[PDB]
Each structure stands twice: as structure tokens, then as C-alpha cells.
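Residue strings, one per chain:
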Amino acid sequence: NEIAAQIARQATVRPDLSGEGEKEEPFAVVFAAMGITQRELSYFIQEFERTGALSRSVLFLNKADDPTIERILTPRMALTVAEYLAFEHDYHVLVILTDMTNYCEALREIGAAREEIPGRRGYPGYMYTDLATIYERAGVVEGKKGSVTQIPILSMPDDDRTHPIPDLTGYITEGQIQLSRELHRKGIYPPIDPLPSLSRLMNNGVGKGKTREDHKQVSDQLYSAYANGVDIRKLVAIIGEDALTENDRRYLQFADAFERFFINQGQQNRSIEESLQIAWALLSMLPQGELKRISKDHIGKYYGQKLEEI
Amino acid sequence: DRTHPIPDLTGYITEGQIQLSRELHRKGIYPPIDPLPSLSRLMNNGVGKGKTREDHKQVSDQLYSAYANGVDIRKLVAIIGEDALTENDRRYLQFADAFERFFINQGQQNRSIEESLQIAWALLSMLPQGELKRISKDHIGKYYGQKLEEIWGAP
Amino acid sequence: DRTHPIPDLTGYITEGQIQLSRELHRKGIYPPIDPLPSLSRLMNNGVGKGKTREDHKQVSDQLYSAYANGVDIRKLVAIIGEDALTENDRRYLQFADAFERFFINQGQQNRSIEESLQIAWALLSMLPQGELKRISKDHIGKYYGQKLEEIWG
Amino acid sequence: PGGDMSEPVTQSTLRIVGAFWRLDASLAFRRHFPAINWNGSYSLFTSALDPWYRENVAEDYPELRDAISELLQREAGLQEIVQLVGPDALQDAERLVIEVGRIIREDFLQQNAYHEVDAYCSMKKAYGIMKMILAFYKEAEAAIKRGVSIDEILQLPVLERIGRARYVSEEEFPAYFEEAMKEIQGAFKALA
Amino acid sequence: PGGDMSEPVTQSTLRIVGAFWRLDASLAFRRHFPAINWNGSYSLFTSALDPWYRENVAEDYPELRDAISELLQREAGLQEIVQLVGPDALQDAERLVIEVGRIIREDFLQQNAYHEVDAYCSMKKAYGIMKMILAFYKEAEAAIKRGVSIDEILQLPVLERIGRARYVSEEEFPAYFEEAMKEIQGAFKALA
Amino acid sequence: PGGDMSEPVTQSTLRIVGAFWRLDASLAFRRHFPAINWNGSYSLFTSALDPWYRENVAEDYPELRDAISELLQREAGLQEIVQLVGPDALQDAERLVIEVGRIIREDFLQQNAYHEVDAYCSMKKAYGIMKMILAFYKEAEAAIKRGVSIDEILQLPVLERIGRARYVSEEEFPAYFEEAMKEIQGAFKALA
Amino acid sequence: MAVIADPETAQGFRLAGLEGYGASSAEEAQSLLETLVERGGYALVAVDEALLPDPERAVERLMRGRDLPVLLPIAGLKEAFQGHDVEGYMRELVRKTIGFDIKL
Amino acid sequence: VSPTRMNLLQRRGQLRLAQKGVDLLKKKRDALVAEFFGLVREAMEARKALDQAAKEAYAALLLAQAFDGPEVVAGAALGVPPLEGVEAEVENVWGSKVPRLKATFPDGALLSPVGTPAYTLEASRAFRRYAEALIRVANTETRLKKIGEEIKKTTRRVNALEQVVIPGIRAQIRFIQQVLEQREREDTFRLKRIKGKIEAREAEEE
């Protein structure tokens, strides 16, 4: 919930860094709640109110004690409003769905009421089709300026990625962001685990006229270095030896500093320039002896920062 | 399997359980009642001063702890060997063995609660005095000291 | 899955089965018949003196025992490491892998029963003579001793 | 179906049978027959049959059988540690128990249904085999306590005598049994 | 659903298809693409295509493929021993097998569909990469038998040539492969 | 069913409840009451209730409570080391944190519900106890950094003062807390 | 046995009839120690701490499966007269063999 | 693996056996740690004794070199037969064999005790007892390192179990439970269908 609220507060178009520098096109956030309790509802209301984001938002809120059919109808209403705004008034709409787990539970209840054929864990056999009919309404239409972006937050039951809910959602959506319970145990916020995370549409949204020319290379190098650090530290618990090659100890330090500075950012609204700067500063590895998975010459332009913050 | 619906619901409704042990039975011990998994949820009310005896609950707790220690030491002595254990661990070994031989392996005998308490104190005497933490010093001074003769040597 | 209803009922109806092993197939062994789950119930009718040879059944039983011991020692090695084995366990491990590489892996060639029996005896010669507890003494005296390198160069 | 012993027919049978001889595929694959799962089998007639055993086999037959079952239970208990750390890490007494259990499984419980001799086994023959096995076990344990190496014990030819005992015909068995008992005593007195 | 290959659609599909390219989620989580589980996959057309491979790629192409597959098999086998004992406490030949397997993976199996060159690979480019890797493996094996420590072997500059081989275009690949062969020979000749 | 927090009722309950007090029987076995497990238990009302604490009990209550939580977390994180090797063999500062964790467990988390005074504890009384404990910890850290022995700290007269602090009546608590703060300050000033 | 230290220490150990080698640099000492191990007749090799602080880097190249010629570091006489760091040596040993720096 | 109720019970039994194995290995590790901490103190005492022996042997050598020529002590060193009467019995510790050194150290290697210089006997005896102290120290060090290796192996086993085996068995068990629940649910659905069809065919046929 905190991540959803923070994204709703901080998400902005950033049109200046785009090639087509202009005044901001209208941006709105449609927030849909499904099976939400009073406490989380109060949290969301206060979070939207204290920052002025409530002005550019339409909230569809469905409490836990509401009829079980309102949970079914809430995402439909939210997406209908978002589609209308985007494709008839050029609004750039970001849609946040509070908990699709509650929606799937309500759908299971309705299906069991109708006595249909069950699925993997009692869910109706058409759950994929219904979730697709919700999710697929996002996108951009040729010849129109508006856009619809969806961030469905859902809870993995027992952190099981093979559960029907996350499985079908991943089958329908383009990538996913995964929260790590261990990173939460270490006090890191947001506890986003980059190794099991993926964005299918990332590769064509970064580059020249979009973010910065070093974005893709930096992301690839960060993934390579963090994976190397994670695998070294996972082997150390097996070998049980802190004594190893000198280069491995560089990555362990890099991995720890990464998890403590890049991922652990609290409530900071880091700009993409600031995030890239922090990535570059964390890039304390060898300019050539390391950082070789992606061949880039932006090293001579950006490398050499000394972990300085603010 | 205790996960079966019948034992599960019985545990939901009843107050504790008494679990027979297959390995105790196949070792020739009768009755094959395993003390570690067995449990009475109302035991604390029906025993004590004026009901059975003052030392009943403490003696039972001490026997449970000592038997658990003896069992795990029997497991460990298989790999690390007899001599690698301290003296008190050998005492726990002997206590657990004599416990399974005399306390559990009762046979067709009808033991009054006094006889069972006396046998329990005889077994607890094998452990060193003062190691018996769960029992108050008064009960130890009053009862600790006897030796195993009621079941063997003088039935 | 051997517990699936189709193979389950077929096994309950037919006289044993020739079960193929995917592991042997991945090792390049053809035909990948792992003998442990296989079975022929009418084997005893067709083997023995005057039918194939006097030593056939005992040789088969000894081969099964040795292969099963080798598999168990493989599972042990998967935990405690190869160098932790005794000499007998090393001998059984070698018997197991040589078995899989020579007795099973025969390719598309045709072997007579006599050829297969002498190959089996050459494999059994890898084990100590006193440990072939399922084979009679006369058969051991008659056939034990030959080596794999004798069969082919 | 599929060997699933939790199947309703098997469960319904468990509640009315006086004995339950459970076969398992693990022994059948090894060609170890009768492939009776000792751990999963039981019989409720042991107590009622003891007077007949005392009258018609030997006065000490129930004690001998109980000792055999206790050794089997101990070997089953030790197998948990064996599968955890291997057989070498066990002490001499524990590995001796494991080896005695292996000897029992191989040359007392095994029975070839087609062998002209082993197919049938009279009660006194089984008693003789059990007595030989436990006498060897007691002498081997005494030797272990006095410092004889366990692998030294395992090389005794009288072990092969015990192993081949089950192939002896019924007519000539008592001479074989007396010879093997004398050999046990002599071997563990000379070899201590 | 959930990667369960036991579901009816997958099983009913496997009964008719001639090739089975099984994907793995573990590889895709590590950005290791194509993420083909080279152990669980299979193809029934390998035997029938061998004459075409001989006549249109190279006379010895099937042998190259067989050797690469066997190296992958040995690497997969040794992975468990690495996880159990630790990579440090195993022989130098097994370390060479592990490193050659990792090189094979990350330089031949791995393929970026979005890179403008690595996306498409003709048969002869793959054959050249396989030849490079096997020549390096045999030279490193000879050097190991020559007493050369694997620590400096892993540091050879030829590894970067092998790793960047897959990013070379079709036009430049012949000269790159020839100079890579010469470098493979000469670098290990410089070990002496 | 068996303490398994994964069964559907527990999952459904924990998705809406504002707090979870994972009661444990291990602590009550050790005569620790109220036997609440600080690990695996959580509350979501601390944040919104912080202003109420600041206005009603003390401005510095949330910081002190977070200090308690951090010390408990450190003690839990050192449990594997203190279990592999005894606390006596443990390092001096680690021994200090272990002892202060024990002090917390025995004088703040403990509560005798059968007592005439301690059965109920006001927020101000808890604040005073926690402030005394943190004063002790900071003074002990300062003393250790300047070369005192751990057993010297383990026997100061202020320890029993903090122990008896929770048995004082509500009206006697303020003066007792003030005098115990003065006692701890003067005592740790006396130590070199 | 054998001792590999400065020539003075080697001569002093020769006074006991023990093999001695005089080496002033680590690489020469390691090279000659390899030949001594290849000889393998002696059951113990003692090396100067100031010469080879970590002879473990050189023991493992030979005698891979066999440990009869066991070797330990010893303080050279030149610094032995000054004094030896026994407690730091034991602490670094327990770190090398356990890895928790658990002392006192 | 085959999802069946019997197989599920087998997996649960394997999990409990694995947990008991983890606990047993932890007990073994604690015992080995106690033995190791006894042996480290013993080896420290041996180290101190070796330090004193080395100090006095060095002082004795310096006295001999001051009061006796280098050529003379060189001849004394050459004349004395080498003390090669050494061996290492295969001591058995915790199931592992280690070499336990022991020295014969004959006194027949001495030549002319009163014919030697004034400070030759002192240096020789100091170096001899220094050598035997060194042998004792080597024994302590090798035993300590073997115990440390055993402890590291036990920790490897415990960590491997708790980290990859128990979670794996738990995942297998939960997968099997899900499969069995799915089969039960499908059976329930079919039972409902047949009961409904009985009601329909009995009602419509009347």
C-alpha cells in the first residue's frame, strides 16, 4: 500500500527529457479499491489529501463489508472512467488497483454460486478470461494523445508465485515487480527484489529522447553486478569462507551498498537523473576489468563518482 | 497420521491424548505408552495437595524433561560414542534405559499411585541430586534417596 | 509416472513389463532399459538347465543384487562424497557404472544369449568371489574369472 | 491402485484382519523376496500362539523371536542416522547392529520360492537359524567390547556358514546346526 | 499453469510432437535467455538431419555437437559435487570442465534476441564457435596435463575473443574465426 | 490445526487484522509471561498512535520504544552465535548486549498478572522502565569502552533497582523513577 | 625432520642432526621446500614464520591426498629472542579454522 | 514424483527425519566445539612451552658460539648421527585418522660428554628438549586442525540441510497437497452432477 501511494504521489510524465519537449499533457490517477479495510482506506485518503494529489484523482473505493458484487464491478468502473478520460480528453491516466487478490476471491465466490467447473485451486475456469478483460483495456491508441497505464497490486498467498492469481496475472500483464520479504526483514524500503522483476516493454522505452542515452547500458550493468554479488554471497554461505578472490569481495561490498542505497531510498522522490547518478556512484567497479557485460563508452563521461549523496 | 480428519477432530474436541508408540511396542515394552507425545490437558487440576500428593506435578515434569534428555542422548551416543559424553550424560542414558525398562514396561501389574510415585522417585535418584531443577528442595529432601528394588530384585 | 492408471492396470494385467529409463537415455545408453523396475513373470519357465543354461537364473539374481547395491551406493555418494567410500563400495560403484555402459548399452547389434551370459560373467568378475552369494559354487568355479577386455579388444 | 495403501479397500481390510503382511516395491526391485515390509507389517496372534511354540518348538522360542524383533527395531532406528551421515560414522556397536540386521535380512528373512530346498522351512529349522544368528551376535558384541575390529569380525567363514544355512535340507539340518554352533564358539574363543 | 508440466495439455502435446523445447523459469529469472532447459529438452530429428549437416555445414559437425553435449553433461553432473563439497576442493580437470561449461553456456547457448547481430546466427557461425570452444578445451586439457595451473588459464585473453565471437557479424566472422584459431594455438604454445 | 499459520483461516484473518500477537508456548515453558513472541508478531497501529503517545505520556516515548525494538532485534540476531558458543566465550560487547536483552526480557517484557501491583502497568510506568533500561545500556556501553569488566557491570546495585521498579505502585513510581535515574547516573559515574 | 629458516637457525638444528636449509627470501624457501617434500623421507618440516608466514599456500601443491610430512610455522630465532605473538597467533588460527573471532 | 496420499505421508516422514537429523547434527557440532575449545587451550599451553624451550635453546647456542669456535660446533653437529628415529602413528579422532608423531631420541648420539666443550652439552640438551616440545606442539596443532575441519564439515551439513533440503521437501509436500485437494474437488463436482441428474431424471420422468 505504501508503494502504491508513493507511486501515485510521485509519478510524473517528465516531458522535458523527452525529445518532444513541451508543456505537460494532462495526468490523472484513477485509484480503485477492492476489499479494502477501514484502516487502509483512511491511510489512502490521508496520503492523497496531504500532498494535493487528490485534485487530479478519481477514487473508486470498495470496503470489505460491501456487497461481494461491488468488488467485481469496481475495476470495470475504474477502467471505464480511465478509458473515457484518456481517449476522449487526452489525459495520461495511471490506474492503481488496490488488491486483485480480493477481486479473485470475489470472482471465485460468484463462480461457486453459479456452480461452474473449478480450476487449479477452486477458482473458476474462466478467471484468466475475466482478468484479461480487465487488464487489456490499458494501452495507447494510434492517432490519439491519451494513454492508460495500470499497476495492479496483488498479494501472493503464502508468497507462492505458482498460485493461480500471480500466475494468470503474469500470463496477462507485461512483466511484474516483486517485493522481497527478506529485504523487508533487513529494513529496506521499498523491498523491491530486482532479480525476479521484469518489464517486458522496458527495452523500447529507454534511450535517446527518452530517459538518457546510457539508461539501458546502466540497467544491464547493474543487473549483472547485483547478480554477481548475490551469487557470490549465496556461495559463501555454502563454502563458509570469507577468504576468496579479491574481485569477489568488491562485488559483495557493491551488493551491500546497492541494497543499502539504491534499493533503500525511503520516501525520496528520486529523479531519473538522480537515480542514474546513484547508479553511477554505486558503479565503483573497474571501468574495464569489470563493467564488461555491456560495452559502453559513456564511462569516460559519467564514471568516477564517489558515493556522495545530496 | 495425526493429520487424518478423525484424530484431528478428536484432538479438537477432547482434552489431550495418550499416544501409543510402535517402536516401544516392537521393543517388547508393554504398555507401549509414549510419554513424550502424550498429554493430559486437565492434569494440573486433579493432582496436588489433598488430591493425589504434593510432589505429583513437579515429579511428572521432571520425569518428562529427563526422559527427553535421555532420548536425545541415546540418539547422539550412536555417532559420538559412549566415552565422549560427560558423566551426567551417561547418567541420563542409564536413567532413560531404566525408565523404559521399569516405569513404562509395567506389564500386567496393577500399580497404585503411591507405587508409581515411589518407582518414579527411585528412577530420579539415579540422576544427581540438585540436577533435578523442576522439583523443590523440600520434596527432594523428603523423597530422594531410594534405590530400584520394587520392580526388580523384590517384586 | 508408474502410478498412472494406464501403466498401473497394464502391470496388474500383464506378465511384468520392460520399463525404459529416461536417465539412461540422457546418458546415451541404448536401449535405455533400466532392469530394476522391469520384470518378466514367466522367466522361470523359459530359463534353466535344458532351456537356456544352468547358471542363467542365479546370474540374473546376482546381477540384480549387485546393481541395486550400486544404486544405493550412488545415493550414498550423493551425500558423503566419493572419496569417503570403502573399497567394497567403490567396487560396487564401478560395477554399476560399467554395467550401465556395457551390459545395457549395446546399440543396434544382436547379441546371442551365450554372448550376453559371458558379458554378465565378466561384469560379475569385478566383484570379489566370496560376495556372489546368490550363485552356486560350481557355477563360480566354471565361469568366474574372465575379464571384459577378453570379450572384445 | 498404484500401491496407494491409503486406498479404501486396503483400509477396510486393515480393520478386520488379524495379520497384515505388507509387501513393498523397494525389496521387489532388488529381487529380495518374499519382499515383506517388516516395518509396515504386524500380527495380532503372537501372544495367543506362544504356548504352542513352547510345547512344539522350544521353551525359549518366544524370547528368541522377541530378541530378533528388538534387533530389527534397533537397526531400523539406526538407519535414520545412517541415511544422514553414512554407515562409517557409527560406532562399533552401532555398525555391528547394522551388519547383524543386514545378515538377518539376507539369510533368514530371504526365501527362494523356486529353490528345491529353501522353498519350505520347518519351524525347528527357523529356530536353529535364529539361535545361530543371535549366538553369533552375542559373541561378536563381546569381541567388540574387548577390542576386536568389526571388519575383522565380518570376515569370519562361520558367517558364510550362517548364510548358507538356509539352503540345507531338512533331513540333515540338526548336524549342520550343531556344527555351526560349535564353530561359532570356537571361532569367537580363538579370535576372542 | 504454474510451470506444472504434468498438466493435461502439456502431456497430451508431448505424445505427438517431434521436438520438445522446455523452458525454465530459473534461467529467465537470471536473464539467461533463450532460457532453454538443455537438460529436460529433447529432439527426435537429430538423427535424420545428420547427412544434411555433413553436406551443408561441415563433415564433422555432428561430432562437434556430440562433444559439446558431453561437456554439458559432465558439467551438469559436477554441479552437484560443486554444491556439496565446494568448488575449491575438487581436481583441476573438474575445474576445467566447470569453467568450459560456463564458457559454453555464456558464449554459445546464451543469445540476445534484441542485439542487432547476436539475434540471428547461421549454422557456420555456430560451428565456428563450437570449434573454437573445443579447441580451447583440448589445449587447456593438455596444459593441465603439462602442469599449467588453471588460475592463469582462466586469465587468458583468448577468453574475451571467444566471448565476443557471438557478437561478430556474418561478414566478419570468417576472418575473426581464423585469427581466433591462430590465437588459440599460439597462446597455449606460449605457455610451453 | 498444529500451529501452522498457513491454513486458510489464518491467512484470511491476517489479511485484515490490524495486529497479530503470535502467542508462543515456549516462553511460558520457560516461565516467561505473558509468553508473547516478539518475533513473528507485529502491529500496524504504532504509527497513528505515535502522536497520542507524544501528547499523553512523553515526547520521547516512540524513540525509546524503537530503541527497545532495536536491542531485541540485535539480541535475536546474535542467537545463532551465542548458541554455537556460550555467552561466556562471547565477545565483551556482545556479552553486554546479551545481558541487556536478558534484563529487558526479565524486567519489561515479563509481567506477573497474579500480582497486586504489576498485573497492570500504565504507559508512563512502562516509559520509565524503558528509559531506565536505556540509561543502563548507554552507561554500560560507555563504561565498557573505557575498560571495565563485564562482571563488574553485572553486579551493580542499580540492577536490582530496575528489577524492583516494576513492583512499585503507580503513585510511588514517579519519585522512584527519578531516584533510580539519579542512582544509575551516580553509580556509573563512580565506575571507571 | 627438517627446519627451513635462516642459515643460523638451520645450523643450530643441524647441531641436533636435523636437516636444515638457509633461505632469506620466500620464493627460494618455497622452491627448496617443494624439493624437500618431493624427497618426503622426513615426517615433519618446520618453516620460519618470517620466511613463510602461510606455508599452507605451498603444502597443498604436493602431498595432495597424504599428510604424513606435516608442517607447522615456527618463529625464527632472530625474532624468537625478541618474542613471539602467541595469543594473536591463536586468534588468527581460530579465525582461519572457525571464522568468528570468539575469544574472551 | 507421484502425487499420492501414501507418497505424501512418506514425504512428511522424510521431513521429520530431516529435522531430527538437523537437531542431532547440531548436538554433535556443540560437542565438537567443546572438544575444540579444550584443545585450543592445550595447544596454547604447548605453544608457550615451545616458546620457552626455543628461547633457552637460542641462548644456549649463543653461549656455545661465544665460548666455542664455529668450526668446533660445526664438527660437533657433523659427528652426531641424525635423529631420524621418528614415526607418526595413525591416531583415530572422531572417525578420522591423523598422524601422531613420536620421537625415539636416543642418547647414544652424544660423543664424549666430557670431551665436548664447556657449552656443547647445554646447547645439545636444550635443542633436544626444544625438538620434543616442537613435536608435542605439532601433535596439538594437527589434532586441533582436524577437529576444526570436522566442525566445518558438520556446519556445512547442517546449513545444506536447513537451506536446501527442508524447504525442498516442504515445497514437494505443498504441491502434493494441492494436487490431492484438486482431485478431491473434482470428485465432489462429479458427485454433485450425478446427484443433480438423478433428481432431474426422477422429477421429469415422474
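Residues numbered from 1 in each chain as written, not as in the entry; some residues may be left out. Chains lettered and ligands numbered in written order. Part of a larger assembly, values for the part shown. Heavy atoms only, no water.

- The deposited coordinates derive from cryo-EM, with the record listing a resolution of 3.3 Å.

- The name that the PDB entry assigns to chain H is V-type ATP synthase subunit D, with the source organism given as Thermus thermophilus HB8.
- Anyone opening this PDB entry will find it titled "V1EG domain of V/A-ATPase from Thermus thermophilus at saturated ATP-gamma-S condition, state2".
- UniProt annotates chain H under Function with the comment "Produces ATP from ADP in the presence of a proton gradient across the membrane."
- Turning to chain H, the UniProt annotation filed under Sequence similarities states: "Belongs to the V-ATPase D subunit family." (UniProt positions renumbered as here; feature names shortened; annotations may be inferred.)

- Chain A appears in the PDB entry as V-type ATP synthase beta chain from Thermus thermophilus HB8.

Remarks on the overall build of chain H
- If you tally the helices and strands in chain H, you get three helices and two strands.
- Counting from the amino terminus, helix and strand elements in chain H follow one another as α-α-β-β-α.
- Its C-alpha radius of gyration of 37 Å places chain H more than 25% over the 17 Å reference for a compact globule of 206 residues.
- The C-alpha extent of chain H, read off along each of the three principal axes, is 135 × 25 × 25 Å.
- Taken over 206 residues, chain H has a buried fraction of 38%.
- In the form shown here, chain H has an accessible surface area of approximately 11,900 Å², with 54% of it arising from carbon and sulfur atoms.
- Side-chain charges in chain H split into 37 positive and 29 negative, and the spacing between the mean points of these groups amounts to 5 Å. (Helix = DSSP H or I, 4+ residues; strand = E, 2+ residues; numbered from the N terminus. Rg over C-alpha atoms; globule rule 2.2 N^0.38 Å. Buried < 20%, exposed > 50% of the residue type's maximum accessible area, 1.4 Å probe, protein only. Areas by Shrake-Rupley, 256 points an atom, 1.4 Å probe, with all protein chains shown as cover. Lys, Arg positive; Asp, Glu negative; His and termini not counted. Charge placed at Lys NZ, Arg CZ, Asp CG, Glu CD.)

Concerning the interface of chain H and chain G
- Taken together, the contact pairs 32 residues of chain H with 33 residues of chain G.
- For the pair chain H and chain G, the summed buried area comes to about 3,200 Å², and 75% of that belongs to carbon and sulfur atoms.
- Of all residues in chain H, H:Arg47, H:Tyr58 and H:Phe127 bury the most surface against chain G, accounting for 19% of the area lost on that side.
- Put simply, chain H and chain G have zero salt bridges between them.
- Secondary structure elements with two or more residues in the side of chain H that touches chain G: helix 1 (5–67), strand 1 (86–93), strand 2 (96–103) and helix 3 (120–205) of chain H.
- Ranked by residues supplied to the side of chain H that touches chain G, first place goes to helix 3 of chain H with 13 residues. (Contact = heavy atoms within 4.5 Å. Buried area = accessible area lost by both parts, 1.4 Å probe. Salt bridge = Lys/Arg side-chain N within 4 Å of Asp/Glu carboxyl O.)

Observations concerning the pairing of strand 2 (residues 57–60) of chain A
- Bridge count between strand 1 (residues 27–32) of chain A and strand 2 of chain A: four bridges; the pairing is parallel. By the bridge assignment for strand 2 of chain A, A:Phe31 is matched with A:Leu59. (Pairing = 2+ DSSP bridges.)

Here's the deal with the sheet that holds strand 1 of chain A
Residues and elements named next belong to chain A.
- As summarised here, the arrangement of the four strands in space is 2-1-3-4, forming an open sheet in which the pairing is parallel. The open sheet has two edge strands, strand 2 and strand 4 (147–152), and neither has a second partner. Strand-to-strand, the axes of this sheet are offset by a mean angle of 15 degrees, without reference to chain direction. (Axes fitted to C-alpha atoms, helices over the stretch in contact; angles between N-to-C directions.)

What about helix 6 (residues 164–172) of chain A?
- The element helix 6 of chain A is extensively covered by neighbouring structure, given that seven of its nine residues are classed as buried.
- The inward-facing, buried residues of helix 6 of chain A contact helix 4 (100–114) and helix 5 (127–135) of chain A.

A look at the pattern of salt bridges
- Summed over the entire model, instances satisfying the criterion amount to 83 salt bridges over all chains.
- The residue A:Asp130 makes a salt bridge to A:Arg76 at a minimum N-O spacing of 2.4 Å. Separated by 54 residues along the polypeptide, A:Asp130 in helix 5 and A:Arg76 in helix 3 (residues 68–89) bring together distant segments of the chain.
- We note a salt bridge from F:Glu63 to F:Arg54, for which the minimum N-O separation is 3.4 Å.
- You can call F:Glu63 partly exposed: its relative accessible area is 39%.
- Three or more residues joined by partner-sharing salt bridges are found here, namely D:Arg95, D:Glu99, D:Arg102, D:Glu106 and D:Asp151.

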